[PDB]
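Structure first, commentary second.
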Amino acid sequence: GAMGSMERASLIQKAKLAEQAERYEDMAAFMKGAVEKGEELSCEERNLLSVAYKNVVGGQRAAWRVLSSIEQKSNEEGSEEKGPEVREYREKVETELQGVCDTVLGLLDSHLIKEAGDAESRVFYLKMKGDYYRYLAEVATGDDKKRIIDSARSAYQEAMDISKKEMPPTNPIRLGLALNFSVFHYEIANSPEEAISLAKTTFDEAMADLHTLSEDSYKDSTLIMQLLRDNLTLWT
Amino acid sequence: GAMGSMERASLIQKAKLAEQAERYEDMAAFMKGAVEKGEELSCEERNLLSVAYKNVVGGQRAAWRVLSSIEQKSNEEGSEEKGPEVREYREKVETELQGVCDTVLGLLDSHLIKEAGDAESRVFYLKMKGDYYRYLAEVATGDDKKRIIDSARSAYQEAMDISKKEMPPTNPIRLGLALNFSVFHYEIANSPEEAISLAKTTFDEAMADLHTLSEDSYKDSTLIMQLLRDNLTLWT
Amino acid sequence: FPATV
Amino acid sequence: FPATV
Ligand SMILES: *CC(=O)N1CCC2(CC1)CC(CNC(=O)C1(Nc3ccc(Cl)cc3)CCOCC1)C2
Ligand SMILES: *CC(=O)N1CCC2(CC1)CC(CNC(=O)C1(Nc3ccc(Cl)cc3)CCOCC1)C2
Ligand SMILES: [Mg+2]
Ligand SMILES: [Mg+2]
Ligand SMILES: [Mg+2]
Ligand SMILES: [Mg+2]
Ligand SMILES: [Mg+2]
Ligand SMILES: [Mg+2]
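And the structure:
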């Protein structure tokens, strides 16, 4: 890889600079290079990796949704035939999105997950695996769609099982995982009741554990709890 | 070029889709491909070209400013030595920015300007030439800095001369050219009085010609007049 | 669209 | 920074 010649520490330094400059593609390339050094990532480093790729794929997803909407309107009754261009460009953006997802999943599989022994690292990586299979699922229309959905479900489920055993109900990683798995249920698995149940139970169990926290931990946990409440409000 | 196999009309169609999806890099690549077909551009096509590259380089400039600021702070008294990384990454972004500028200038020189015979097309392209030399000037520190600044000035000046002879004082292209040349004077040429004089004279001459316009033309012209006033307010 | 982190 | 178009 093109980052092979750069020091791990320099790659991390530059990822931070890229974040400040809102250069998320660069940020992702630097973090990829860092991961490929083969050493485990710290908490802060894991965050840099996730931030970088979340922003890159987030932009791709937004673009894909715009194009998909235009494409769907083109195939409505009375719509004038404008040729293959809308499909082609949606496919281009889709292929790019899929490439990014495959890249992240690749890093997780080679070899971040297998070396992650602590609850916080293993849950975070499995959450990421769930997320990037969920993004693949959003654009999937073929033979492997069900298997993609199951790959997301399986990753989220393992993360859930570990998080329930090893982390307090207010742990931001546990909360973020639950938030996202709940969205998976609602948007991907056609299981809105599972989504609502998970969001509510997660919220209520966290509420009950807030008394144990410092002011700073309270702020962290309640921020994500509000997102759970936001989704519940949207869905009920 | 990679767009060599795609129809001119399809490239234009996709540039419009890219704009809707806020995919300005794609938009620029499509418009580059369109230009390289060798046919003159229409008014709408010229706008698509300018929008695409303005957004791409605009993002680069914002990033470069963030990095340059961090770099300047690193070289202040008492600042801890963090190594070559800040300079390296600023240089990376700079080199990319310069590449985009060279690409646009290349298109203008081969062969958009030489075939632009109408006032509106020739002024618009020369304005662009001024702009992309101005962006080069923003990052220039070497032997050729003065020549870069002069290349910008020369392009803006020719555009000014044509616009004064061939276009009404309210013409949005004439107004936009004047706006930008005024900023060139203030930010690049160390000539704030020239900048203020140009902004004021342009504003006042446009005001006097507003009576000749339709409602829609009035809206177009006054929008850019407000930008002139905004700059004057900033500078006085 | 719903919130995710 | 000043306005340009
Ligand atoms: C120890 C470890 O692995 N960590 C990585 C994950 C954390 C804790 C440390 C850093 C991240 C901070 N982010 C947020 O608080 C927040 N986004 C996320 C993102 C992902 C997860 Cl799993 C939780 C929270 C910032 C944006 O608002 C929501 C919270 C947690
Ligand atoms: C005929 C021709 O060559 N045209 C190209 C330039 C125009 C007119 C047609 C299209 C563009 C529309 N843009 C704006 O009105 C505005 N930005 C610009 C950009 C560049 C110039 Cl030279 C003028 C105005 C949109 C954003 O707000 C400012 C006006 C003019
Ligand atoms: Mg080393
Ligand atoms: Mg496809
Ligand atoms: Mg349950
Ligand atoms: Mg053809
Ligand atoms: Mg340089
Ligand atoms: Mg004068």
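Protein chains in written order, with the deposited numbering: chain A, -4 to 231; chain A', -4 to 231; chain B, 591 to 595; chain B', 591 to 595. A prime marks a further copy of an entry chain. We treat Cβ as the ideally placed atom computed from N, Cα and C, and that holds for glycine.
Any residues in the region 73 to 97 of chain A' with a beta carbon nearer than 9 Å to a beta carbon of chain A? Which ones, in chain order?
-> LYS77, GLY78, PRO79, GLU80, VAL81, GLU83, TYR84, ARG85, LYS87, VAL88
What is the DSSP secondary structure of A'/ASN70, counted as helix, strand or coil?
-> Position 75 of the second sequence holds residue 70 of chain A'. The answer is coil: DSSP assigns A'/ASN70 none of H, G, I, E or B.
Could you run through the region 28 to 47 of chain A' and flag, in chain order, every residue whose CB is less than 7 Å away from some CB of chain B'?
-> none
Relative to ligand 7, is the shortest distance from any of its heavy atoms to the C-beta of A'/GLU210 smaller than 7 Å?
-> Here the question's residue 210 of chain A' lines up with position 215 in the second sequence. Not so, every heavy atom of ligand 7 lies at least 7 Å from the Cβ.
Would you kindly report the start and end of the unbroken alpha helix (DSSP H) that includes A/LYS9?
-> Against the first sequence, residue 9 of chain A aligns to sequence position 14. Looking at the DSSP string, the run of the alpha helix (DSSP H) that includes A/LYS9 is 3 to 15.
Where the alpha helix (DSSP H) through A'/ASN166 begins and ends | By 1-based counting over the second sequence, the position of residue 166 of chain A' is 171. Annotation for A'/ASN166: no alpha helix (DSSP H) segment contains it, and DSSP assigns it neither H nor E.
To the nearest angstrom, how far is it from the Cα of A'/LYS141 to the Cα of A/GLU75?
-> Numbered from its first residue, the second sequence carries residue 141 of chain A' at position 146. Numbered from its first residue, the first sequence carries residue 75 of chain A at position 80. Distance between the alpha carbons of A'/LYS141 and A/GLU75: 54 Å.
A'/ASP225 to A'/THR196 span [Cα, whole Å] = As a position in the second sequence, residue 225 of chain A' is number 230, starting the count at 1. As a position in the second sequence, residue 196 of chain A' is number 201, starting the count at 1. Their backbone Cα atoms lie some 14 Å apart in a straight line.
Would you say A'/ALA111 and A'/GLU161 are within 8 Å of each other, going by their C-beta atoms?
-> The residue you call residue 111 of chain A' lines up with position 116 of the second sequence. The residue you call residue 161 of chain A' lines up with position 166 of the second sequence. Judged by beta-carbon spacing, A'/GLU161 lies beyond the 8 Å limit of A'/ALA111, meaning their Cβ atoms are not closer than that value.
Tell me whether the beta-carbon of A'/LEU92 lies closer than 8 Å to the beta-carbon of A'/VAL52.
-> By one-based count along the second sequence, residue 92 of chain A' stands at place 97. By one-based count along the second sequence, residue 52 of chain A' stands at place 57. In contact: A'/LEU92 and A'/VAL52 (Cβ atoms closer than 8 Å).
What three-state label does DSSP hand A/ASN50 in the structure shown?
-> Position 55 of the first sequence, counting from 1, holds the residue named residue 50 of chain A. A/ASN50 falls in the helix class under three-state DSSP.
Residues in its own chain within less than 8 Å of A'/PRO187 by CB, not counting five upstream and five downstream?
-> Residue 187 of chain A' sits at position 192 when you count from the first residue of the second sequence. Only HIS180, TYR181, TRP230 meet the Cβ criterion.
Nearest to A/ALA16 (by Cα), restricted to the options A'/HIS206, A'/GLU89, A'/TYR48, A'/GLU34 = Within the first sequence, numbered from 1, the residue matching residue 16 of chain A stands at position 21. That would be A'/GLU89, whose Cα lies nearest to the Cα of A/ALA16.
Between which two residues does the alpha helix (DSSP H) carrying A'/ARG224 extend?
-> Within the second sequence, the letter at position 229 stands for residue 224 of chain A'. Here the alpha helix (DSSP H) through A'/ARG224 covers 210 to 230.
Whole-angstrom distance between A/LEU102 and A/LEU12, CA atom to CA atom = One-based indexing of the first sequence puts residue 12 of chain A at position 17. One-based indexing of the first sequence puts residue 102 of chain A at position 107. Roughly 22 Å between the two C-alpha positions.
Sorry if obvious, but does the Cβ on A'/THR90 come closer than 7 Å to a heavy atom of ligand 7?
-> By 1-based counting over the second sequence, the position of residue 90 of chain A' is 95. Yes.
Which class does A/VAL81 belong to by DSSP, given the choice of helix, strand or coil?
-> Residue numbering aside, residue 81 of chain A sits at position 86 when the first sequence is read from its first letter. Helix at A/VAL81.
Using a cut-off of 8 Å between C-beta atoms, extract the partners of A/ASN166 located in chain B.
-> Against the first sequence, residue 166 of chain A aligns to sequence position 171. Near A/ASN166 there are no residues of chain B at all, since even the closest Cβ is about 13 Å away, more than 8 Å.
Opening and closing residue of the alpha helix (DSSP H) in which A/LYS32 lies = In the first sequence, counting from the first residue as 1, residue 32 of chain A sits at position 37. That residue, A/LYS32, is in no alpha helix (DSSP H); it is neither H nor E in DSSP.
Decide if A/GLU72 is buried, meaning its Cβ has at least 16 other Cβ atoms within 10 Å, or exposed.
-> What you label residue 72 of chain A is simply residue 77 of the first sequence in a count that begins at 1. The residue in question, A/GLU72, is exposed, as its Cβ has fewer than 16 Cβ neighbours within 10 Å.
Which of the three DSSP states, helix, strand or coil, is assigned to A/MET22?
-> The residue labelled residue 22 of chain A in the question sits at position 27 within the first sequence. Helix.
Chain A within 8 Å of A'/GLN221, Cβ atoms only = Residue numbering aside, residue 221 of chain A' sits at position 226 when the second sequence is read from its first letter. No - not a single Cβ of chain A is within 8 Å of the one on A'/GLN221.
Near ligand 2, which residues have their beta-carbon closer than 5 Å to a heavy atom?
-> Residues flagged by the Cβ proximity filter: A'/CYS38, A'/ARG41, A'/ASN42, A'/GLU115, A'/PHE119, A'/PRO167, A'/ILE168, A'/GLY171, B'/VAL595.
Cutoff 8 Å: A'/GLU182 Cβ touching any chain B' Cβ = By 1-based counting over the second sequence, the position of residue 182 of chain A' is 187. When Cβ-Cβ separations below 8 Å define contact, A'/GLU182 makes contact with chain B'.
Minimum Cβ-Cβ distance from A/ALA24 to chain A' less than 8 Å | As a working mapping, residue 24 of chain A is identified with position 29 in the first sequence. False, the Cβ-Cβ gap to chain A' never drops below 8 Å.
Contact set for A/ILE191: own chain, Cβ-Cβ below 7 Å, skip 5 residues either direction | Position 196 of the first sequence, counted from the first residue, corresponds to residue 191 of chain A. Closer than 7 Å at Cβ, skipping near neighbours: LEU227, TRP230, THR231.
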